[PDB]
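Down below is the structure, laid out as structure tokens.
The values are calculated or read from the model by the stated rules, or taken from the named source; no laboratory instrument gave them. Using ideal geometry, Cβ is built from the backbone for each residue, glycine included, and neighbour counts are taken over all protein chains shown.
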Number of protein chains: 6
Amino acid sequence: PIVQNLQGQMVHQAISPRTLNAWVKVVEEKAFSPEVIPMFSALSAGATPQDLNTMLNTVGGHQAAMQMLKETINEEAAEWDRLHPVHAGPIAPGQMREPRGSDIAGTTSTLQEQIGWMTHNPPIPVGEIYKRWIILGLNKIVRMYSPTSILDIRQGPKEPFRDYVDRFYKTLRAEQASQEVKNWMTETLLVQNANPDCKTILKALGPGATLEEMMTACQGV
Amino acid sequence: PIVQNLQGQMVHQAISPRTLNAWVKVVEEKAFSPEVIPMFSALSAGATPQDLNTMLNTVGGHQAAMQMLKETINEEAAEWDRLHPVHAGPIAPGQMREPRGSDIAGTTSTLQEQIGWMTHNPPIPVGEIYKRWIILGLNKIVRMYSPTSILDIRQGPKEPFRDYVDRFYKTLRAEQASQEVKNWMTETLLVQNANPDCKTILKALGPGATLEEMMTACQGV
Amino acid sequence: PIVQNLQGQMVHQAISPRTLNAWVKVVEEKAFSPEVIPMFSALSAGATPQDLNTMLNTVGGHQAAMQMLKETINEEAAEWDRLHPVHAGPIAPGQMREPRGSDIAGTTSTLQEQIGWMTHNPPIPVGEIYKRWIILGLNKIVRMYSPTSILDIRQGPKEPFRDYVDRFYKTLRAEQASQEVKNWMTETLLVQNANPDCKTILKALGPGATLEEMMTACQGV
Amino acid sequence: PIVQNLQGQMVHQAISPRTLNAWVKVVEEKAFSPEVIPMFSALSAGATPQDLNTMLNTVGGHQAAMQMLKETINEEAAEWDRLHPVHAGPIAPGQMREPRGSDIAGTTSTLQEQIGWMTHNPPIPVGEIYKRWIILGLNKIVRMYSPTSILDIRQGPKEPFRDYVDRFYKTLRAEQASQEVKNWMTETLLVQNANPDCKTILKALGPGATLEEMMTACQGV
Amino acid sequence: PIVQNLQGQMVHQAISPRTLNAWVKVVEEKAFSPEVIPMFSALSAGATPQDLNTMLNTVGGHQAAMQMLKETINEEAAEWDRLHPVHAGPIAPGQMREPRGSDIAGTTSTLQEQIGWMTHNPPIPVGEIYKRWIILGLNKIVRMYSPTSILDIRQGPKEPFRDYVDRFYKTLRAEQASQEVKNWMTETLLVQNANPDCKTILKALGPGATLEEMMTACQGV
Amino acid sequence: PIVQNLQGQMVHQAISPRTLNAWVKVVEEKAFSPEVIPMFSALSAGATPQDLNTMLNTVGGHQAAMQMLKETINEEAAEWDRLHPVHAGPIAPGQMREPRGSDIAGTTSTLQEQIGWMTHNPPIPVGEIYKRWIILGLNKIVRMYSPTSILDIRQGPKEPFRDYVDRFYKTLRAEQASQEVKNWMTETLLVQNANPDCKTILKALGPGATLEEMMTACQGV
Ligand SMILES: [Cl-]
Ligand SMILES: [Cl-]
Ligand SMILES: [Cl-]
Ligand SMILES: [Cl-]
Ligand SMILES: [Cl-]
Ligand SMILES: [Cl-]
Ligand SMILES: [Cl-]
Ligand SMILES: [Cl-]
Ligand SMILES: [Cl-]
Ligand SMILES: [Cl-]
Ligand SMILES: [Cl-]
Ligand SMILES: [Cl-]
Ligand SMILES: [Cl-]
Ligand SMILES: [Cl-]
Ligand SMILES: [Cl-]
Ligand SMILES: [Cl-]
Ligand SMILES: [Cl-]
Ligand SMILES: [Cl-]
Ligand SMILES: [Cl-]
Ligand SMILES: [Cl-]
Ligand SMILES: [Cl-]
Ligand SMILES: [Cl-]
Ligand SMILES: [Cl-]
Ligand SMILES: [Cl-]
Ligand SMILES: [Cl-]
Ligand SMILES: [Cl-]
Ligand SMILES: [Cl-]
Ligand SMILES: [Cl-]
Ligand SMILES: [Cl-]
Ligand SMILES: [Cl-]
Ligand SMILES: [Cl-]
Ligand SMILES: [Cl-]
Ligand SMILES: [Cl-]
Ligand SMILES: [Cl-]
Ligand SMILES: [Cl-]
Ligand SMILES: [Cl-]
Ligand SMILES: [Cl-]
Ligand SMILES: [Cl-]
Ligand SMILES: [Cl-]
Ligand SMILES: [Cl-]
Ligand SMILES: [Cl-]
Ligand SMILES: [Cl-]
Ligand SMILES: [Cl-]
Ligand SMILES: [Cl-]
Ligand SMILES: [Cl-]
Ligand SMILES: [Cl-]
Ligand SMILES: [Cl-]
Ligand SMILES: [Cl-]
Ligand SMILES: [Cl-]
Ligand SMILES: [Cl-]
Ligand SMILES: [Cl-]
Ligand SMILES: [Cl-]
Ligand SMILES: [Cl-]
Ligand SMILES: [Cl-]
Ligand SMILES: [Cl-]
Ligand SMILES: [Cl-]
Ligand SMILES: [Cl-]
Ligand SMILES: [Cl-]
Ligand SMILES: [Cl-]
Ligand SMILES: [Cl-]
Ligand SMILES: [Cl-]
Ligand SMILES: [Cl-]
Ligand SMILES: [Cl-]
Ligand SMILES: [Cl-]
Ligand SMILES: [Cl-]
Ligand SMILES: [Cl-]
Ligand SMILES: [Cl-]
Ligand SMILES: [Cl-]
Ligand SMILES: [Cl-]
Ligand SMILES: [Cl-]
Ligand SMILES: [Cl-]
Ligand SMILES: [Cl-]
């Protein structure tokens, strides 16, 4: 993170050991469940590309996902260099240079250069752009490591409707279904995969029924 | 949360890992017991709509309640757009725009826009309004997931009166009974569902008896 | 709690998750032992009526004691309204209004109104008065939930005198005995309920003996 | 504790939940071992008489020692009132009054009065004086609860000399032996209670031998 | 670490017990796994050579690696003295002297001298240079303590392809393979060491296939 | 520790409960292993003689080492009084007096006197000098409590060379061997106490071999 110096400068704030161990423990415990991506977005608030690389390098194991994530960063950095070409002549002494793709990734850039980009006015949010690339690669890792398909999420003859709905939207979240995909799935597959007794209840509920109405109705079955 | 910059600005304060792990652990341990709603109100003091969405997205599992909560937010945001219509012409450069329903929800708004709304004078408390919508949806989830009805809360022939009163008001709290409903329930059902020996004691106590008098009297049975 | 803003205002300070979980854990572990009341007085130092209601609402279970505590707050708020009647005409725009009983309880008052009362000069300590009502109700709950009477605290024929004195004053504290009641109980019941050998030792010690002299003398028996 | 307000006042700083739970846990775990008295002196650095009473009242159990400690405070407060008599006429409006014995104890004094005494120039260190009374009573409790006499600390025929010296000075510390008492005990009883083989080694070491020389010599036996 | 004094000086900030115990616990738990080197780089952000020596000396055990690390520091300090020779005449009173190799190591230098070097303008980053020597020695220790060769990382006939890729890049990271070495290893050895069914799938995928394409294809085998 | 007051004074900063419990737990767990001495040097950064005495007095047990440590402090304080004699006439009102040996030890000096010595210009570092005496006594305690001699550290016929080197330098550290003693021991005893197969490998390696070369060579045996 970046914090303002008491004299006036903008200095880099080290990652607290609390944030470090919290990150390595939620990865050790929950692996690549969907909820660890917003947790990574929370523990990396205001971080620089060097801070982001620090959090990612402290991960033990999961090196297959780390190399996949590194390939996604390289692709996004290449697209950035295509969209933001540099007229790189001789360097200007003491002036802010335009960041390349690898500069946003924090590999070919220094902590001072990253601070100067993020604290500029207008700021070049190299930390937020890099963080957006990491979220993109993490979404691909979570989707790939999704165990079950939505076709195999069917309510058992004695499973409570709320528990089957739990597995339903848990699978939809792992498969990176957007909110509209979840809405259309609520109108169709959720009713069509409920057990016979609940399915007749959900059909008699009528179209346009909300999730509160569907779960309250099938509470008795 | 929002904190004042030492130079003068109003900057966003990141959620501490302590607050994050405290929230995900009380949800993992207590699920949707009534006491986790005031705990959510405590851990989200002064938070922005982006901070609130961060706390809600870090929840693992319970995706049925999350989609229900998302439906309640959509309904309240639609009622807000009906009560506060916008005369949305061309945008004013560098000026504060009127927040829509989805802007209060933190989806179609940015962290800077939320800060500007909350730090304005008079403030547009988008964080408190969004937080009020979340409390409303959480109350519906707790009420739906209430296991027992108040009819099945009856004092056993050897259960202490205080323990039966514990289950009594615990069930009333889960079923979202207001304070007047609990007062009228104390005058009627609490006596009518006590075991025979305690019931005769509570009847001889006379009307208008307080809970201290009722629990002290049936202490011997 | 209330903390001074760096610009000059008096702003509300959110309850730390450390204070929250410390409160819910000492209630989960020790229930209504006498020592949890001073702990509640320590964890609620400088709190507002809204902060106090937050700590009390985060308690899981014990709803019988919570409703008893709520009845005691209502009684004390009614006595306050009798002792401090309001000449409530039309409201004065932008001026501090006189707090009623429910305003001290934090139900009919807002966080801004509570801050203005507590930060006034002279301050209207609505937080300390409300906290004094809560301590009063908590004392009634601890006294009611006291298991043993002082008559059944008698030194066994092989129990060390210090352990019997432990149970003695532990029972006296639960039954809300004041310091003079404990002093007179030390002169009388403590000697009269010691086992025969210690009782003869305590009688030969002479009147006006201190607790250090009584426990050192019966150390051999 | 007392901390300086940013505007200029001297305000009371609440006891952190870390300090509270640390105190109640070292008392729960170690009871009245000698090392808990310096720990109490460390966790109560700069505390007011109200903070000290808060830490002492949060102790669960050990009510026999608490009443003994309360008797010692009363004795020291009575000796203070004898050494510092007050010419208590009518009170001076807005002026600092002379603290009595019970005012130092924090019972007949308020937090504001204690702050004014401690922050005066020259300060009336009511917190340090009260803390000195508490240390005096705690020393009497630790000495009374000392299990073994120094006569029964004798080196076994196969116990390492360092372990017997451990029990030796551990017993001397519990019995409140000063440093000179420990020095004279090192010259005499420590050698006279070592097992025969070590005792002959310690005698041949010569007089005026240090503890390093005594423990290094008997390392082989 | 170094922090600015409120008056104006640059003072040394002590290592927090959180950072200390976090370092000694990740060494106790994970030994010399690759991820503990970036963790050491994170917990030592902004540290002085004295702070670095403190963190390294608090390590219990692993004294073989500690002496190896000490030999690597001596070699790098000797190369520094060769690249930066000093014209060491008489000392200049009150002036900053040129740091030698052992001065960067923090052995022949004091905390004040290290602060003056790091807080100078331009700064002599003795902490970052020393930290770079430590990372170099730690890399040699991790590489030496690597258990398996990449030749013995072969996918079992029933091991999921992602798990074999996990062991593959985990071994490559332990053997200090750079990113290009990992890229060329992905093109060659990763396919040539997959089990027969996956190997035929990876060959039919075509050249230039990414890790996401390789792991998604062999998901069925 | 000492911290600067916001008004301008230099005030004593209380030891945090984190630092206290961290010290008493590393002593409870690791006793007098060599690594607890640098840990004590880290947890006592910037401490006063009163803070140092507080940390040492909170130690439960190990009273044999505590009395040995107290004898070493007395010897060093006597040598200080010999090297720095005082011309102690009448005291100068309001002036800084020269510290004696017991004043550095923190027994015959007050917290205010210690602060004035440490915050003077030039400072009288009574805390660092006392801390240097404590490190000296702790080194004697660790050396005395060293279990094994270096003669009994011999590589087993099936022990990995790195593990035997671990026990080798672990024993050398406990016996307070300096770095040159460890270097000469690496050239001689380390090879002469390796098992026959490794010993022939280390002899064929040639003289002047480094620890990295010795451990990499004997990796196969
Ligand atoms: Cl920087
Ligand atoms: Cl941590
Ligand atoms: Cl999120
Ligand atoms: Cl790395
Ligand atoms: Cl750009
Ligand atoms: Cl940009
Ligand atoms: Cl995706
Ligand atoms: Cl069933
Ligand atoms: Cl599932
Ligand atoms: Cl259907
Ligand atoms: Cl259901
Ligand atoms: Cl159900
Ligand atoms: Cl912002
Ligand atoms: Cl945390
Ligand atoms: Cl609440
Ligand atoms: Cl999400
Ligand atoms: Cl509006
Ligand atoms: Cl509004
Ligand atoms: Cl509801
Ligand atoms: Cl029974
Ligand atoms: Cl129930
Ligand atoms: Cl009835
Ligand atoms: Cl009862
Ligand atoms: Cl009962
Ligand atoms: Cl406010
Ligand atoms: Cl917490
Ligand atoms: Cl109290
Ligand atoms: Cl509530
Ligand atoms: Cl009033
Ligand atoms: Cl008032
Ligand atoms: Cl009472
Ligand atoms: Cl017995
Ligand atoms: Cl009892
Ligand atoms: Cl009698
Ligand atoms: Cl006894
Ligand atoms: Cl006894
Ligand atoms: Cl105050
Ligand atoms: Cl705590
Ligand atoms: Cl002490
Ligand atoms: Cl009390
Ligand atoms: Cl006085
Ligand atoms: Cl005085
Ligand atoms: Cl004593
Ligand atoms: Cl033996
Ligand atoms: Cl003992
Ligand atoms: Cl003798
Ligand atoms: Cl021994
Ligand atoms: Cl021994
Ligand atoms: Cl310094
Ligand atoms: Cl710690
Ligand atoms: Cl890194
Ligand atoms: Cl060391
Ligand atoms: Cl240089
Ligand atoms: Cl340089
Ligand atoms: Cl390497
Ligand atoms: Cl299988
Ligand atoms: Cl492996
Ligand atoms: Cl091939
Ligand atoms: Cl796979
Ligand atoms: Cl698979
Ligand atoms: Cl002071
Ligand atoms: Cl602690
Ligand atoms: Cl060190
Ligand atoms: Cl002591
Ligand atoms: Cl001097
Ligand atoms: Cl000096
Ligand atoms: Cl030594
Ligand atoms: Cl073997
Ligand atoms: Cl060993
Ligand atoms: Cl040889
Ligand atoms: Cl080896
Ligand atoms: Cl090996």
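Right, E:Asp152: within 30 Å of F:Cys218 (Cβ to Cβ), more than 14 Å from chain A (Cβ to nearest Cβ) and away from ligand 66 (no atom under 16 Å from the Cβ) or not?
So E:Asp152 passes the test.
For region F:197-221, enumerate the residues that are in a helix (DSSP H, G or I) and in contact (Cβ under 8 Å) with a residue 12 or more places away in the chain.
We begin by selecting, within region F:197-221, every residue in a helix (DSSP H, G or I); these are F:197-204, F:211-217.
If the condition is that a residue be in a helix (DSSP H, G or I) and in contact (Cβ under 8 Å) with a residue 12 or more places away in the chain, then F:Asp197, F:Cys198, F:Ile201, F:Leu202, F:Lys203, F:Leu211, F:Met214, F:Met215, F:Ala217 are the ones that fit.
Would you check if A:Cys218 is over 26 Å from the mean Cα position of the chain (by Cα), buried (at least 20 other Cβ atoms within 10 Å of the Cβ) and more than 13 Å from chain B (Cβ to nearest Cβ)?
No; evaluated as a whole, the condition is false for this residue.
Take the residues in region F:159-180 that are more than 12 Å from chain E (Cβ to nearest Cβ) and touching a residue at least 24 places away in the same chain (Cβ under 8 Å), then tell me which one is nearest to F:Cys218 (Cα to Cα).
The extreme case among them is F:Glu159.
Counting only residues that are under 15 Å from A:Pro34 (Cα atoms) and either within 16 Å of ligand 51 (Cβ to nearest atom) or in a helix (DSSP H, G or I) (or both), how many does region A:135-178 have?
Looking only at that region, the number is 19.
Within region B:20-31, can one find any residue that is surrounded by fewer than 19 Cβ atoms within 10 Å (Cβ to Cβ), assigned by CATH to the domain that holds B:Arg100, within 14 Å of the chain's Cα centre (by Cα) and part of a loop (DSSP other than H, G, I, E, B)?
Among the residues of region B:20-31, at least one is surrounded by fewer than 19 Cβ atoms within 10 Å (Cβ to Cβ), assigned by CATH to the domain that holds B:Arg100, within 14 Å of the chain's Cα centre (by Cα) and part of a loop (DSSP other than H, G, I, E, B), which makes the answer yes.
When you scan region D:48-68, do you find a residue that is more than 16 Å from ligand 61 (Cβ to nearest atom), assigned by CATH to the domain that holds D:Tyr130, of a type in the set (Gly, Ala, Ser) and surrounded by 21 or more Cβ atoms within 10 Å (Cβ to Cβ), even just one?
yes
For region C:178-218, which residues satisfy the criterion of being among the small types (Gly, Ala, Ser) and either in contact with a strand residue (DSSP E or B) (Cβ under 6 Å, 6 or more places away or on another chain) or under 17 Å from D:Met68 (Cβ atoms) (or both)?
C:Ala194, C:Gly208, C:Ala209, C:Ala217
Filter region A:40-97 down to the residues that are touching a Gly at 6+ places or on another chain (Cβ under 8 Å) and aliphatic (A, V, I, L, M) and list them by number.
A:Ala47, A:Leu52, A:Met68, A:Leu69, A:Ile73, A:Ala77, A:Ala78, A:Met96
Please verify whether region D:123-130 includes one or more residues that are surrounded by 12 or more Cβ atoms within 10 Å (Cβ to Cβ), more than 30 Å from F:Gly94 (Cβ to Cβ) and more than 10 Å from every other protein chain (Cβ to nearest Cβ).
No.
So, in region C:6-16, of the ones that are more than 22 Å from the chain's Cα centre (by Cα) and facing chain B (nearest Cβ under 7 Å), which residue ends up surrounded by the most Cβ atoms within 10 Å (Cβ to Cβ)?
C:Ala14
Would you confirm, using the coordinates I've provided, whether C:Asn53 is under 30 Å from B:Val27 (Cβ atoms) and out of contact with any helix residue (DSSP H, G or I) (no Cβ under 8 Å at 6 or more places or on another chain)?
Yes: the conditions hold for C:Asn53.
E:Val36: out of contact with any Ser or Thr (no Cβ under 7 Å at 6 or more places or on another chain), β-branched (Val, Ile, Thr), more than 10 Å from chain F (Cβ to nearest Cβ) and more than 30 Å from F:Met185 (Cβ to Cβ), yes or no?
Numbers: out of contact with any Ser or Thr (no Cβ under 7 Å at 6 or more places or on another chain): yes; β-branched (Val, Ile, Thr): yes; more than 10 Å from chain F (Cβ to nearest Cβ): yes; more than 30 Å from F:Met185 (Cβ to Cβ): no.
No.
Give the residue that is surrounded by the fewest Cβ atoms within 10 Å (Cβ to Cβ), with candidates limited to residues of region A:203-215 that are within 14 Å of chain B (Cβ to nearest Cβ) and over 14 Å from A:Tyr164 (Cα atoms). Don't jump to the end; show me each part of the working.
Narrowing region A:203-215 to residues within 14 Å of chain B (Cβ to nearest Cβ): A:208-215.
Narrowing further to those that are over 14 Å from A:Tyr164 (Cα atoms): A:208-210, A:212-213.
Numbers: A:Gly208: 7, A:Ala209: 16, A:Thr210: 16, A:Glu212: 18, A:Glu213: 14.
Here the residue is A:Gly208.
Being surrounded by fewer than 20 Cβ atoms within 10 Å (Cβ to Cβ) and in a helix (DSSP H, G or I) is the filter here; which residues of region C:179-190 pass it?
Passing the criteria: C:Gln179, C:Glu180, C:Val181, C:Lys182, C:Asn183, C:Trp184, C:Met185, C:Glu187, C:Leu189.
Just to be sure I understand the filter: pairs with C-beta atoms under 7 Å, separated by 6 or more residues or on different chains, first member in region A:97-118 and within 13 Å of A:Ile73 (Cβ to Cβ), second member among the small types (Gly, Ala, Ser) and crowded, with 19+ Cβ neighbours inside 10 Å. Which pairs pass?
A:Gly101/A:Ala77; A:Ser102/A:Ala77; A:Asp103/A:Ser109; A:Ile104/A:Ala77; A:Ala105/A:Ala77
Just name the residue that is farthest from ligand 42 (Cβ to nearest atom) out of those in region B:138-177 that are under 27 Å from B:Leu69 (Cα atoms) and either among the hydroxyl-bearing types (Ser, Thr, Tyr) or over 25 Å from the mean Cα position of the chain (by Cα) (or both).
B:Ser149
Quick one: is F:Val3 among the β-branched types (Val, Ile, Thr) and either more than 16 Å from ligand 49 (Cβ to nearest atom) or within 11 Å of chain D (Cβ to nearest Cβ) (or both)?
So F:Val3 fails the test.
So, in region A:75-121, exactly how many residues are buried (at least 16 other Cβ atoms within 10 Å of the Cβ) and among the polar types (S, T, N, Q)?
Here the count works out to 3.
Tell me the residue from A:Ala78, A:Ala42 that is without any contact (Cβ under 8 Å) to a residue 12 or more places away in the chain, away from ligand 9 (no atom under 16 Å from the Cβ) and under 23 Å from A:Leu111 (Cα atoms), please.
Result: A:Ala42 is the single residue among A:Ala78, A:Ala42 that is without any contact (Cβ under 8 Å) to a residue 12 or more places away in the chain, away from ligand 9 (no atom under 16 Å from the Cβ) and under 23 Å from A:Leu111 (Cα atoms).
Of all residues in region F:156-178, which are surrounded by 12 or more Cβ atoms within 10 Å (Cβ to Cβ) and either at positive phi or not charged (D, E, K, R) (or both)? Even if it seems obvious, please write down each step before you answer.
Looking only at region F:156-178, we keep the residues that are surrounded by 12 or more Cβ atoms within 10 Å (Cβ to Cβ), and these are F:159-177.
Within region F:156-178, F:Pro160, F:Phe161, F:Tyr164, F:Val165, F:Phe168, F:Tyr169, F:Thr171, F:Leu172, F:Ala174, F:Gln176, F:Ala177 qualify.
Within region A:20-53, take every residue that is among the charged types (D, E, K, R) and farther than 15 Å from E:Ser41 by Cα and give me the one that is farthest from ligand 55 (Cβ to nearest atom).
This residue is A:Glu35.
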